[PDB]
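Student: based on what follows, work out the 3D shape:
(6 chains)
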Amino acid sequence: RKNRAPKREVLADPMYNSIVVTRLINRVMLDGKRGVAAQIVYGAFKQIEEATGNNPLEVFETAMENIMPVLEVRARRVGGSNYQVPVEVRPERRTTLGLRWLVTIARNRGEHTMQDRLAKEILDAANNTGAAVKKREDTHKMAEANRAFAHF
Amino acid sequence: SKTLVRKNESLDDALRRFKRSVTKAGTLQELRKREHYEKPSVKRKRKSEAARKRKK
Amino acid sequence: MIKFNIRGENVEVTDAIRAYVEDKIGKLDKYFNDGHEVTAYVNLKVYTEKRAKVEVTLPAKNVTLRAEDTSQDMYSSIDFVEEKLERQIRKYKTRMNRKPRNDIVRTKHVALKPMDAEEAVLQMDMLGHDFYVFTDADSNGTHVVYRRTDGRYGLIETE
Amino acid sequence: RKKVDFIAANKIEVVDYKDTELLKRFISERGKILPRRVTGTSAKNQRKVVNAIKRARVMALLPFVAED
Amino acid sequence: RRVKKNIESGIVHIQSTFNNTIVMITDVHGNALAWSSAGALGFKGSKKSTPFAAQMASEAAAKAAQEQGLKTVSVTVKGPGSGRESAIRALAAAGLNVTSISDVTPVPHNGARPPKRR
RNA sequence: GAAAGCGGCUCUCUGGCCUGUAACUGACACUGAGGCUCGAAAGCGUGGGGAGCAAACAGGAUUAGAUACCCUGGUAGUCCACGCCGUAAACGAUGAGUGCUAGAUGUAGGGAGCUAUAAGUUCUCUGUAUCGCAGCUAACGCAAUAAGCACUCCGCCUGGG
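Tutor: Residues are numbered from 1 along each chain as shown, chains lettered A, B, ... in the order given. Coordinates below:
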């Protein structure tokens, strides 16, 4: 629409000190089940607490590096000549898309509990390989085809 | 005749020499309009109010 | 194609000219890609056919377009209105296929007529400038009256 | 700032082909002619010069094709 | 065990067409051992005259010129296009010694008829 | 240049105007059916020349389909001497002759002054615009190179298919 109509803001964590704790609640939390959502998030820094026992931001922020790409895409046409001319949006939206990525693979895995397949992707996020880095290189390799800007 | 080179030109300086001066070469309008051949009554659509629109 | 909904909504249904409906929408199935749904919805009344209403709606997989149009004969409404569907697809060729369609202003004195140098006392008072942009009528050329800071009639004058 | 047609400068009538560049500053830098609009010419007096420039362009006294 | 040369002032024949571009580096009259095109690389599609693809096309044979071992460039550009400019700044900045970018686009004078209307 | 049309360059013989001019004829004027000539564009005849372009046709997209637009080509044909058709939006869908006259206006090339210690202006003629007095029409518009006001030569036109 026309304007920069305002967004909303949730508060950052005092427990493990990240706003993406409660934004991780903003993607795992479905049907407004915020207490179960915090049970999964606090249970996931508990998944850090068995595996490494370190700060949440090691696995959580290396995970953020895995799931925050550089580039995203856009449809831009001449009259049908859809040059996929790209953009590189800011870390609130990039972090938001990475939250879609961790809710994606840390949701849709046929394992035992939400903290068990989210133990597969928060613990494999502690293994910091595979699906996330490919889940951004799937757009990163396209940029050479996205070399055109407004040329023809 | 052709010096091809502005006075101690640099890369972007010769780029501005060829952009500016070779834009005032006229080296492109007759070519792009000479993409295709036209009827000679269209050659005087060329020789019409385009040039009169340029001056007057 | 996929599905119909044949509906004679005032008179009973008879599948000779309804089959003719089925064959001209057979020519919709000459101009089809996925004939997703149609619906016949027709209406004829009393008083020796002072109308002939017919309808078929067209939810195709991307576009939807209905047709509740008339003639005197219902047979002529099937004729001219399904031919209207043919010419509608003739309108829907390019509407379907051709998804490509292919500081100081560098200027002169803004005033027009020349004013003499005594009028520059009024010309400075004319528009509200301390100088007076006026081609001098008394003096041969251009003259202007400034405002000296002592408080008297000034003169911005090459003179 | 006058600089129109050079005719009042080389007043009059001479030659207009036995110069080298005195008449032939009508050249452009690319071996073609100065414009009749940038020069802004008196039309058939420009023809009185150009009707022998078209000779003197290509009389092997002048580069008729050039750039820069 | 093949014949090689060490020339220094090569002559860089680059033709920007209105769909593609050859990028060539040439001998003294000359002839080109280090040479390429855009279309040498597989940029066949809308990518045929993207100017940064033309930058790498004006980079690949440019760095292949050191097989011979030349650094100063005797540049000659012919023809315009939709990818010419970043190629121009490319070989102006391709580990080279840009001094003379020639402009040799040949000009007829109401010559042969082009092919017709469109 | 009546138009059709006419643009590398140089020669050959070649009309046609205008500016001045009464030197001179002394109305030789205007036209114009008939008849005659010229004349787009193709094509047709004979003989060449055969780059590039392109009817015809082929191949590839195109879509339901493509005998089309695009691309790849590619024949006739385009060019040269040499004969013909006589039909073109022939146009400006505005016949020819001459007279009249608000002006703002283009540009040629003369005639004259002109502005003088080199500058730069005014009148006059044919040209070709643009606006607009009057006049003007159904309106649109025309208007000094009148769609205004006159007369002589011609021509057309009679509701549509």
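Student: ok, now which ones touch the spatially most central residue of chain A?
Tutor: Central residue check for chain A by CA atoms, centre = their mean: the C-alpha nearest the mean position is that of residue A:98, 1.3 Å away. Residues counted as contacts of residue A:98 (CB atoms under 8 Å, 6 or more residues apart in numbering or on different chains) are A:63, A:64, A:66, A:67, A:68. For the C-beta atoms, the positions are set from N, CA and C on the backbone; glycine is no exception.
Student: now, among these, which is nearest to chain B?
Tutor: residue A:68 (35.7 Å; CB to the nearest CB).
Student: the residue in chain B that chain A sits nearest to: neighbour count?
Tutor: Closest to chain A within chain B is residue B:32: 14.1 Å, counting by CB to the nearest CB. Counted by other CB atoms under 10 Å in any protein chain shown, the residues lying close to residue B:32 total 9.
Student: gap between it and residue E:35?
Tutor: 28 Å (CB to CB, to the nearest Å).
Student: please enumerate the strands of the chain.
Tutor: I'll assume chain A. Assigned by DSSP state E, chain A shows no strands.
Student: my bad, the chain I had in mind was chain C
Tutor: C:39-40, C:53-59, C:64-65, C:68-70, C:134-136, C:141-143.
Student: hmm, the strand or helix carrying residue E:65 touching chain B?
Tutor: In the assignment (DSSP states H and E), residue E:65 maps to helix E:51-68. No: using CB under 8 Å from any CB of the partner chain, helix E:51-68 never reaches chain B; the gap is at least 12.9 Å.
Student: show me what the lengthiest helix in chain B is packed up against.
Tutor: Taking DSSP state H as the criterion, chain B has its longest helix at helix B:11-23. Applying 3 or more CB pairs under 8 Å, 6 or more residues apart in numbering or on different chains; DSSP states H and E, we find helix B:11-23 packed against helix E:84-91, strand E:101-103.
Student: and that helix, C-alpha only, in PDB?
Tutor: C-alpha atoms of helix B:11-23 as PDB (Å, rounded to 0.1, in the frame of the first residue of the first chain):
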ATOM      1  CA  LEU B  11      40.900   5.500 -17.300                       C
ATOM      2  CA  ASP B  12      37.800   7.400 -16.200                       C
ATOM      3  CA  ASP B  13      39.100  10.500 -17.800                       C
ATOM      4  CA  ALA B  14      39.300   8.800 -21.200                       C
ATOM      5  CA  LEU B  15      35.900   7.300 -20.300                       C
ATOM      6  CA  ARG B  16      34.500  10.800 -19.900                       C
ATOM      7  CA  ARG B  17      36.300  11.900 -23.100                       C
ATOM      8  CA  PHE B  18      34.700   9.100 -25.100                       C
ATOM      9  CA  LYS B  19      31.300   9.500 -23.300                       C
ATOM     10  CA  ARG B  20      31.200  13.300 -23.800                       C
ATOM     11  CA  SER B  21      33.000  13.800 -27.100                       C
ATOM     12  CA  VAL B  22      32.000  10.500 -28.600                       C
ATOM     13  CA  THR B  23      28.400  11.200 -27.500                       C
END
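Student: in chain D, which residue is most central in space?
Tutor: residue D:26 (3.4 Å).
Student: any idea how far residue D:59 is from that residue?
Tutor: From residue D:26 across to residue D:59, the span is 15 Å (CB to CB).
Student: what of residue E:67?
Tutor: Taking CB to CB, one finds residue E:67 at 49 Å from residue D:59.
Student: likewise residue E:59?
Tutor: 47 Å.
Student: around chain A, pick out the residues from chain C.
Tutor: C:99, C:100, C:101, C:102.
Student: between those residues, which is nearest residue A:6?
Tutor: Sorting the residues of chain C next to chain A by how near they are to residue A:6, with CB to CB, puts residue C:99 at the top with 36.6 Å.
Student: just list the residues touching the closest one, thanks.
Tutor: Contacts of residue C:99 (CB under 8 Å, 6+ apart): residue A:80.
Student: quick one: buried residues of the longest helix belonging to chain A?
Tutor: The longest helix of chain A (DSSP H) is helix A:34-51. Across helix A:34-51, burial judged by 16 or more other CB atoms under 10 Å in any protein chain shown covers A:36, A:37, A:38, A:40, A:41, A:42, A:43, A:44, A:45, A:46, A:47, A:48.
Student: ok, the fifth one to chain B distance?
Tutor: Applying CB to the nearest CB, to the nearest Å, one obtains 54 Å for the distance of residue A:41 from chain B.
Student: how much space between that residue and residue E:89?
Tutor: To residue E:89, residue A:41 is 51 Å away according to CB to CB.
Student: same check, this time on the second one
Tutor: For residue A:37, the distance to residue E:89 equals 53 Å [CB to CB].
Student: go on, the last one?
Tutor: Taken as CB to CB, the spacing of residue A:48 relative to residue E:89 amounts to 50 Å.
Student: what of the third one?
Tutor: Plainly put, residue A:38 is 55 Å away from residue E:89 if you go by CB to CB.
Student: correct me if wrong: residue A:147 contacts residue E:56.
Tutor: No: with contacts counted by CB atoms under 8 Å, residue A:147 stays clear of residue E:56, the gap being 9.6 Å.
Student: for the residue nearest to residue A:121 when sequence neighbours are not counted, list the residues it contacts.
Tutor: Among residues not flanking residue A:121 along the chain, residue A:106 sits closest, at 3.7 Å (CB to CB, 6 or more residues apart in numbering or on different chains). If a contact means CB under 8 Å, 6+ apart, then residue A:106 has A:28, A:117, A:118, A:120, A:121, A:122, A:125 as its contacts.
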